[PDB]
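Shown here is one chain on its own, the form deposited in one PDB entry, set out as structure tokens.
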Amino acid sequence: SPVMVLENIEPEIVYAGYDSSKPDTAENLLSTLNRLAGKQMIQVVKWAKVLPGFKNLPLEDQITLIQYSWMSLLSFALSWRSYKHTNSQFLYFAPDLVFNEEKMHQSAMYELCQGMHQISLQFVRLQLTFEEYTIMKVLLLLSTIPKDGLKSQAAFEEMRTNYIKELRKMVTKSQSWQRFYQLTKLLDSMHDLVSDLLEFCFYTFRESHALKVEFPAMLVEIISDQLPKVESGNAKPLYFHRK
């Protein structure tokens, strides 16, 4: 039932609005990706609002969770689109913006694109299902909290524990303890990739005018809040299995 709701509330795919007549410089590609992320963030907010249990959390906590997890949610969904639409041969940012080796280099994000692509390759290896994917994406929204905890920490933990229980019930469909630990390992591995993506994001945000990289209002707001918190060590990534 909660998983059935997850399958039905999955946002529709959105276009990048990519102009292939313009030169494929890093500034043009990154500006297009940033505009696409802004549009996708509006969808994340609308999805989170109807996520079973999310409305029980206070408003300040809902905002904190979305601001800390945005990069993780966007990179996980990118890997799902890449896996579903290309069998993870390309980075499927949108139907009108599919990255091959050429675009990975032109974006000036080559190694970070390889890192995101490795998640897409893990989806092929595991033969990740849509049911597993939707629960795991909810767990990513609930994977980073403030160092001093949320306003309603107990309410958050109840919601998180319940989605971990849904993931454990779902793996039985594909012995199943082995699969559960392969999925929690994959969830944990998102923290390291996101840390690297955020380092690059923050750099382009601080030097936006110089690099000619544009940011939509939704990203300006999220990054302006997130950047000082992440850099000052206020973020607490939650791991299933500590390093």
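The term rigid core refers to the maximal set of C-alpha atoms that superpose within 1.5 Å between the two forms. Don't overthink the numbering: it's just position in the shown sequence, from 1. Residues that one form lacks are left out of the comparison.
According to the entry, the deposited sequence has 4 to 9 residues without coordinates between residue 174 and residue 175. Comparing 147-155 with 74-82, the stretch with the higher mean C-alpha B-factor in the PDB entry is 147-155. Just going by the entry, 219-227 versus 15-23 on mean CA temperature factor gives the higher value to 15-23. Within the selection 183, 211, 41, 198, the deposited Cα B-factor values reach their highest point at 211. Of all the options 31, 67, 189, 56, the entry's greatest CA B-factor is assigned to 56. When the CA B factors of the chain's modelled residues are split into thirds, the value for residue 141 lands in the lowest one. Sort the chain's modelled residues by C-alpha temperature factor and residue 120 lands in the lowest third, per the entry.
When the modelled residues of the chain are ordered by their C-alpha B factor, residue 127 lands in the highest third. The deposited CA B-factor of residue 178 belongs to the highest third of values across its chain. Remark: residue 101 belongs to the highest third of its chain, ranked by C-alpha B-factor as recorded.
One more form of this protein exists, namely the form deposited in another entry; it is left out here, but the text below deals with it.
When the two forms are superposed on their rigid core between the shown form and the other one, the C-alpha shift of 2 Å or more among 155, 108, 113, 164 belongs solely to 108.
Between residue 108 and residue 190, the C-alpha separation shrinks by 3 Å or more in that other deposited form, relative to the conformation displayed.
Wider separation of the C-alpha atoms of residue 107 and residue 11, by 3 angstroms or more, is seen in that other deposited form than in the present form.
Look at the core-aligned forms between the shown form and the other one and you find runs of 3 or more residues with C-alpha shifts of 2 angstroms or more at 100-108, 172-174.
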